[PDB]
**Q** 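Have a look at this one.
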Amino acid sequence: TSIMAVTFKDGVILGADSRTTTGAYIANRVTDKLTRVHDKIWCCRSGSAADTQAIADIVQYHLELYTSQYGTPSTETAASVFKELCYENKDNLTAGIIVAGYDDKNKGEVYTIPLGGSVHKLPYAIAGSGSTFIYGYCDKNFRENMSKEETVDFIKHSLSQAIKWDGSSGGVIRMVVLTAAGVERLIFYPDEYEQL
Amino acid sequence: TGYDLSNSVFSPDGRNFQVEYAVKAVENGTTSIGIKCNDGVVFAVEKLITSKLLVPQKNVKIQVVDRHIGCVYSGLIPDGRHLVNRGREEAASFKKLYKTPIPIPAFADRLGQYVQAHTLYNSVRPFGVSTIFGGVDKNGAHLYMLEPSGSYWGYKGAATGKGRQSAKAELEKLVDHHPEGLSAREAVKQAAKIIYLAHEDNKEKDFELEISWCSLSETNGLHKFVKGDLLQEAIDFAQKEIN
Amino acid sequence: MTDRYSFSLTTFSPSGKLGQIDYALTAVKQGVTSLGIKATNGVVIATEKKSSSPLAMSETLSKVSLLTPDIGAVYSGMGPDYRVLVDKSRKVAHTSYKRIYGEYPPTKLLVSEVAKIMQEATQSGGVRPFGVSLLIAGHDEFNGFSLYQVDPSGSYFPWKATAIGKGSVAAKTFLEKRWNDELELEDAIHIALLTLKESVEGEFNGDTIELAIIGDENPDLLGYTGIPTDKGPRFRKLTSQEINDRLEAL
Amino acid sequence: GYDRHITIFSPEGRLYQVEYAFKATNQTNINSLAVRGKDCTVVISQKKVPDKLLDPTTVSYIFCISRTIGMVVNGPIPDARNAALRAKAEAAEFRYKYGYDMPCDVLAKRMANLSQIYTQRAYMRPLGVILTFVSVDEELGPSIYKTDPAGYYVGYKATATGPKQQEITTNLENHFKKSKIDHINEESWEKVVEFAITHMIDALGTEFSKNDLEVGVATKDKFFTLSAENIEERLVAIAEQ
Amino acid sequence: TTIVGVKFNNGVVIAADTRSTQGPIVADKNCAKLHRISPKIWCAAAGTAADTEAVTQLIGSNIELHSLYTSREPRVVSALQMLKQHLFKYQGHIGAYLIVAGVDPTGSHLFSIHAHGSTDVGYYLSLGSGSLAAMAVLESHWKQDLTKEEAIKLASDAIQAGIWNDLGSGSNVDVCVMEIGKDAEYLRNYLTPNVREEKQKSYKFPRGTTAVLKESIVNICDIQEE
Amino acid sequence: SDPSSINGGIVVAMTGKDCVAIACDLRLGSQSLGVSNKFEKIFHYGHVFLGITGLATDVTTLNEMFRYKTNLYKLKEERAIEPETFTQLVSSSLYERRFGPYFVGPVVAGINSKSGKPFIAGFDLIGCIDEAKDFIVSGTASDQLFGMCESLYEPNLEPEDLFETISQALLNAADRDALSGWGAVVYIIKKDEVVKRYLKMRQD
Amino acid sequence: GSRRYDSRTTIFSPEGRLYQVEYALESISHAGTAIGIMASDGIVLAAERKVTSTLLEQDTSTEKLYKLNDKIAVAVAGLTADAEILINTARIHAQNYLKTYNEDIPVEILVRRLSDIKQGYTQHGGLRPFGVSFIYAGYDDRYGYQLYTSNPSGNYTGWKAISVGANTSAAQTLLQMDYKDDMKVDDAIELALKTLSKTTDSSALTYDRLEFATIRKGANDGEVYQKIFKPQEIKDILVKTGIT
Amino acid sequence: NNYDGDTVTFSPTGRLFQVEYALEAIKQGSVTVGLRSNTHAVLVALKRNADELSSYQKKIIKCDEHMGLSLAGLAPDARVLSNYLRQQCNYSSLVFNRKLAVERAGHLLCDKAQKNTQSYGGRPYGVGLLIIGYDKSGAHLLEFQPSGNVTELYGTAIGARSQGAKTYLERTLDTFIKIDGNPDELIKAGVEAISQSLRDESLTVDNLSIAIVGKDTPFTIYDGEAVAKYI
Ligand SMILES: *C[C@@](C)(O)[C@](*)(O)[C@H](CC(C)C)NC(=O)[C@H](Cc1ccccc1)NC(=O)[C@H](CC(C)C)NC(=O)[C@H](CCc1ccccc1)NC(=O)CN1CCOCC1
Ligand SMILES: *C[C@@](C)(O)[C@](*)(O)[C@H](CC(C)C)NC(=O)[C@H](Cc1ccccc1)NC(=O)[C@H](CC(C)C)NC(=O)[C@H](CCc1ccccc1)NC(=O)CN1CCOCC1
Ligand SMILES: [Cl-]
Ligand SMILES: [Mg+2]
Ligand SMILES: [Mg+2]
Ligand SMILES: [Mg+2]
Ligand SMILES: [Mg+2]
């Protein structure tokens, strides 16, 4: 798995590869690892497929019930609910989750939640097995307040490299754009991103 | 008849007489008020000096919930404390799960549902307090008042206890004469005046004034007690207006 | 915040009466008429759709309920009590039978389970009895067609034909004259419509009458093909049009 | 006479506590109405703010239960809020367990089953409320389902609740007798709201300002309440024809 | 086991081989692995045989009660949600690996679910020991906008690949077709490419060949009258 | 250590023309030590026959359990349980001990009294059903029984022919297993008569 | 609180009686009569149905006579639904005993257990008692043929012949008059039907009004057979004895 | 009348009669006085005997080194509540290494008493308490009533004829508050205060019970010949 979320001028963009593995067999080559927990709060999933689905389903439930009572939850609140589940059930879970969302007040925000269940607010985040190969690249090429086109290219080039070197990552590059304008889904096929 | 002997029994009217009897305990208590201002809220209460032996400024009645919500009540004082203790548990579990401090409307319903639950069974007694509470959240200032039935609404100004009619009249004048709004420092002065004017209903024993406030500009959106020079300035303003 | 009612609310009075059961039976008497008739090749159950308002959509309120594919139920008395009993009856058919034996219970044993639930509301702590009488019609392989009545006490009896609720005394007399052991299902439907017309005041048509049968297997209603042994539900609710057709030959 | 204090049968086969809960329903002295369009379901209710010290924005008897389901209550606000919180929790739990949005009629059934339990179990009192649930259901289309303290529920072409319910009911009955259809044949929800307000004005015989009404609208995939200014726009259009 | 699912124009088809094993021995040559959850929701099972049966029957029972409660025809997403939460709770110990398909008022659907409780969406899927052989065929011949006839053909070919090349799979091909606006058609033993040849010899014995010590009638009847 | 092979033993069942046969060996041991030569493994509840191999304490426990359940069934239903229904009851009862199972290999055999149809079934220890047309095998010599049955069996055998086939399948399978044998019993079951035969076999 | 509405079902009166037990017995006195008669070669159970309607399906009906196991049966007087709760418990107890000891339960042990359950409802739990009286007819290899009765108090006693339900005073006088120790089953059948025929509140005793059963050690080769009589078989025995 | 059967029932004028009846048990109890200065806090208690052969019932209970109370009413209820205070003082020490504030001790007693007034089955506490202590904000005196109401005071008295001592303290307020660094003079003022509530009987050696806590003084109880000095 290779996943990332990147804040930019107009909001935040989430990105992921589409590979699911059983040993060295690719169980699913067109996986969707970008999952909606609220209208404009999404997450990138890595680790156990079962665990991250179970967690994400519970978080979606908690935020739906939050919305009914208190109105739209903040991205920080969504991250806190993820954290609570990951921290308290750390002994029984294998989940590495990036939470990304758009408010009008706070604009684009990214929170990363690694294995222990700690929370870390960051301008961008990378995770999954394939992320190890792009720490160097991402640190050198990330700038704050990038444009939409620049941020799409940054994620496309980054995950392209993660896919190239990690056997556990591959397939298509899926992205989800979160701005005031709404929610846009993007897809990029091997013939496009391999030749970069 | 017999419909008033047990809590949660509907009378033929469709009324719960035990709740209406709890309201009488509230009406018997000392006067307490709330004033919504431009960027916050002000709370004030009448403390009856039963004896010279009471230590001044020590028997504090107004209570804080979390760091941003103030609570005051009239009626059975222990019932009010029980409700605030629950309010503190509700605010803590909200902050634990969701990170952000509990919004005031959210907090209002937590108290409301808990008070309402004490009208559902004969094994419990209704609350013998009406509670005025509020503070500052992300959406601004909010003032609420909650009755023994579990009923609550938002308010521009609120009052309960023995001097409530007197206080309600004074609050209604402020709403008419200040449509653009009232400042936080103004609301403290006016709160002192209203408690002093409402004291004519409890005029036998002399009393002690106690004020608190939350304001975005004056207290950084945190609940604080009015103390020292600012308290004395409000007492002097109140003493001048009655004379 | 405690349930302190751990004691019986139904007790014996000096005369030997269980008051709450009698009073529940009185609530059943006030309820709308429903009936059941058993034929040689089927069973019919029927009742009036007493609409509380003409703005209300009476199609949404189902007085006649499927319990299993071969068992159906109708009532007289308190509608909400009936609705929760239908929920519990459907569930107990699975939990205490289908999940053990891999097949639906026979009519008499499902009746027995419903009866048990109603008995318990007549003895357990802090509850009143159910304010309904049920008529349960069904089929199973070894007992054939059957029709049962269940009362607030938990008592149940098998019937060739009967009626319960408002005009049950008159309706039972009407059925005694018309019923014989050589009736076909169509004859029983005809007799059910005649009997029910006497207890209805206002409009009498497919939209104000609710009628269902336990009859032949309906493979067209099954929803799938490929298993010869699964031949379809014997329970079928008659449509508004199907009722009106038989009212012309009445 | 302890058969009138708890939910056990009287000698007549009656539950007096259920009947008295029905009377608590009208304690607020508010009338509500619900109608169905082609693409929508509209619910209107009277709004009365007697005290000048009240914040009028917080005074409401319409609740957003889920994204698709709205609920208007006739009855005291504590019991209304009790019912609202439970319905919200039940709607969310349903989505989590079964993977799709709780239908309006199913939520109505669930809340009615809970109300039934309070009529059978002694330690719990009935809630003194009538709950009118509205949505545009993805299978059944525009939907109105109403629950009461007896645990009774049914679907409706249109409905009305409150002290003057019968006057509203007959007004609506007479309209549907003319048109010979189960709904308001109208494309936009705006005109269906205008119909609802107009027929309440005719039935009650009172005029309404922007602050005297409260409106809820269900469309496909959302339920929302109108602001005072949105209602004013509705009132202007009624007056101009 | 080899099980597959394939989406088409107006529905979805599932298929399975008919072999069940106990160690290296074939326990049943004509096993039925296509389980009906509800009339139009069916699923193919692989893994621990008792677990797949128990899990389909439990969720099928609760789906039936849910359908009666809501007055609505059951949805595939509901069967999926109930199956995954049950399997997650048991942390993989319930060894059920399933392909869940069906038609409902929302449309046609195809999912897979694994024993630990993860699910996936796809136009074509395979599970069991023969899933690699089946997926090879699916990855070579699948296209968008398949007809009913093309999808049945592709699904059975994918099972055949499992039958011939995987020692875990064998015998016959079972198919179930679920088309929108139609009854689901279960095709038991849709292909039979593994009939045993006639034996060379008859092994019927002469009567009296086996040595007997004692004979007796067994009373199977109840206690008699008179 | 392995509970399924402490005591030893086998059961086999076969269908014929308007008949079924079920058979078992008589050995009970503690690994190498032969203890009993009278330990029968076939029981009956009305007209439904149940054979059970595996851990002997569980064989006895499950016999007593299904006697209990089929007695209550009969009182409530007012009829004897049928083979198809009993099969489901066995499966339900085994699977409820999913994570602490009975270490057994049950085999159901009988004729449905209404349809007259011959019926056999087998199960694993957690209750999975194998409903075979031809034959069912169980026990420590199951491999051996599978081989014998798969070669010796032909469909539609008359009762007296089916006796010879099932007996030879059992005997020759038992003689290739250390923990089976020590005697054998064969039930021939027809719609309204059941014959039980003890077989002469080698006593080692 | 809830104390206000508690009837207090498990208290003594000033005279030392259990109110609810006494009132339950009053309920049972209105139920249809059931008679048990024990002979040297068998037991008879006869009972009168309460709800005469021509439209009642009799051949599939069971309100009075229930089977507990192959050796033991009961006749019911009182609330049928209450009785069925107890019957199913007794059926389970019998099978628990069979599972444990591999022997059919002795009659007294089953009777004691059910009677202890009834007793419990009179001493604790605050619930109403079961409004049921049973006649137990059974056989075991210790005492042979046995008749018992139990009532809502949980007290049980053994009998040569006994009645429960309606008109027991009248019924017990008639049985005490005509019963003898050397009596046989065929004679006991006649006595049971003659006693019901005189005590009945109905105009005449007919086949559609009766449930009838026998427990004989007159089965093939010294076993015990429970015969629950069919409607036609009750009609035949009514003609044979000379009542219709 | 009809509204006094249990603690869960309000009367039509909003009163809780069971709580008021519990309050009555305090008035029947023997007199006890509390007072304080800035440095010290004193309890004085008139102990009651059953007859001349009996002992005099102990009125004062130690809760911690820096806190204790005197009782009036049902003594077993004072034992339950003082045990609770002992535990809460102890919890504060073990978990936070912190001597429990006297004001916070009062809040805990209030909330414990309250729960018994709102739930069915239970009864209110039938005792009143005077808690003295010295903490980080100096000397303190509290009055506890079993309604839940707890009050901080310079001085007070509870029990039979307690109004006499309470009036004296109301006059003496300005004098005794200034008795700093002089424990014997503060006790004298307490003994003179309790004397205003006496009729017929006078203060003997085994009748009187005194306790004191202060700046460099642990909570200590004086009985017997230790109080002969003050008679
Ligand atoms: C590809 C990636 C970089 O790992 C990325 O994180 C993705 C993200 C998902 C799609 C959200 N993760 C996977 O693909 C996981 C990787 C993983 C494997 C094992 C433990 C943790 C993570 N793959 C799965 O979760 C896989 C999905 C199935 C195929 C639908 N599940 C398994 O492989 C299953 C997990 C068991 C498990 C669960 C939790 C902790 C530890 C173990 N494992 C097996 O089935 C093992 N397999 C081994 C080979 O023989 C067959 C059995
Ligand atoms: C065959 C296949 C290609 O793998 C395909 O997935 C099928 C699909 C089924 C029919 C839906 N799977 C099987 O046939 C399984 C394969 C399997 C075996 C063992 C573990 C997991 C999977 N077969 C069975 O489940 C088999 C069915 C019987 C033959 C009817 N059962 C067993 O082999 C049984 C499993 C026991 C078990 C217990 C706990 C956890 C998991 C499994 N094992 C035995 O019977 C072994 N032994 C027990 C003691 O007596 C002697 C035999
Ligand atoms: Cl429900
Ligand atoms: Mg790669
Ligand atoms: Mg109730
Ligand atoms: Mg051997
Ligand atoms: Mg040997």
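In what follows, chains carry the letters A, B, and so on, assigned in the order in which the sequence lines appear, proteins first and then strands, with residues in each chain numbered from 1. All values below come from the heavy atoms of this structure, side chains included, with hydrogens, waters and symmetry mates left out.
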**Q** Which residues from residues 133-153 of chain E are near chain A, with near meaning under 4.5 Å between non-hydrogen atoms?
**A**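 Only E/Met135, E/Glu139 of residues 133-153 of chain E have a heavy atom under 4.5 Å from chain A.
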**Q** Flag yes if more than 12 heavy atoms outside A/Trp165 fall under 6.0 Å of its CH2 atom; otherwise flag no.
**A**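 No, because the 6.0 Å sphere around CH2 of A/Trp165 holds 12 heavy atoms or fewer from other groups.
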**Q** Just wondering, are more than 12 heavy atoms of other shown residues or ligands nearer than 6.0 Å to NZ in A/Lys156?
**A**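 Yes, the 6.0 Å shell around NZ holds more than 12 heavy atoms from other groups.
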**Q** Tell me, out of E/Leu127, E/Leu125, E/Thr119, E/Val121, who's got the most heavy-atom pairs with chain A below 4.5 Å.
**A**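 Maximum pair count with chain A is reached by E/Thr119.
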**Q** Is it true that atom NZ of A/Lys140 has more than 12 heavy atoms of other residues, nucleotides or ligands lying nearer than 6.0 Å?
**A**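 Incorrect, the count does not exceed 12.
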**Q** Side chain, backbone, both or neither: which part of E/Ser112 has an atom under 4.5 Å from a heavy atom of chain A?
**A**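 Neither part.
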**Q** Begin from the C-alpha positions of E/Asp120 and A/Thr31 and carry the test side-chain contact (heavy atoms from CB on, under 4.5 Å) through to its verdict.
**A** CA-CA 8 Å; E/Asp120 275 308; A/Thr31 318; 4.1 Å; yes
**Q** Counting only heavy atoms from other residues, nucleotides and ligands, does the tally under 6.0 Å from OH of E/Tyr123 exceed 12?
**A**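 For E/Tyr123, atom OH is not crowded (no more than 12 foreign heavy atoms under 6.0 Å).
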**Q** Tell me, yes or no, whether the heavy-atom count around E/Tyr90 atom OH, taken from other residues, nucleotides or ligands under 6.0 Å, exceeds 12.
**A**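 No.
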**Q** Compare every heavy atom of A/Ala50 with every heavy atom of E/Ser118, then report the nearest pair and how far apart it is.
**A**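 Closest approach of E/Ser118 to A/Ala50: CB-N, 3.5 Å.
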**Q** Is it the case that atom CZ in A/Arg36 sees more than 12 heavy atoms from other parts of the structure closer than 6.0 Å?
**A**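 Enclosed.
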**Q** Given the options E/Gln91, E/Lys84, E/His116, which has more heavy-atom pairs under 4.5 Å with chain A than any of the others?
**A**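 Most pairs with chain A among the choices: E/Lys84.
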**Q** Just wondering, more than 12 heavy atoms not from E/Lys182 lying within 6.0 Å of its NZ?
**A**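 It does not: E/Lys182 NZ has 12 such atoms or fewer within range.
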**Q** May I ask you to check whether over 12 heavy atoms, not counting those of A/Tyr25, lie within 6.0 Å of atom OH?
**A**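 It does: A/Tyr25 OH has more than 12 such atoms within range.
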**Q** If you round to the nearest 0.5 Å, how far is CD1 of E/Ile113 from CD of A/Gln53?
**A**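 Going from the CD atom of A/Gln53 to the CD1 atom of E/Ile113 covers 9.0 Å.
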**Q** Which distance, rounded to the nearest 0.5 Å, do you find between the NE2 of E/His114 and the OG1 of A/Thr20?
**A**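 Reported to 0.5 Å precision, the distance equals 8.5 Å.
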**Q** At a 4.5 Å cut-off on heavy atoms, which part of E/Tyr124 comes close to chain A: side chain, backbone, both, or neither?
**A**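 Side chain of E/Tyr124 only, per the 4.5 Å heavy-atom cut-off to chain A.
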**Q** Let me know if E/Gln85 has heavy atoms under 4.5 Å from chain A in its side chain, its backbone, both or neither.
**A**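 Interface part for E/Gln85: neither.
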**Q** With rounding to the nearest 0.5 angstrom, report the CG to CZ distance, A/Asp57 to E/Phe88.
**A**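 Answer rounded to 0.5 Å: 10.0 Å.
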**Q** Is any residue of residues 50-73 of chain E within less than 4.5 Å of chain A by heavy atoms, and which ones?
**A**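 Residues in range: none.
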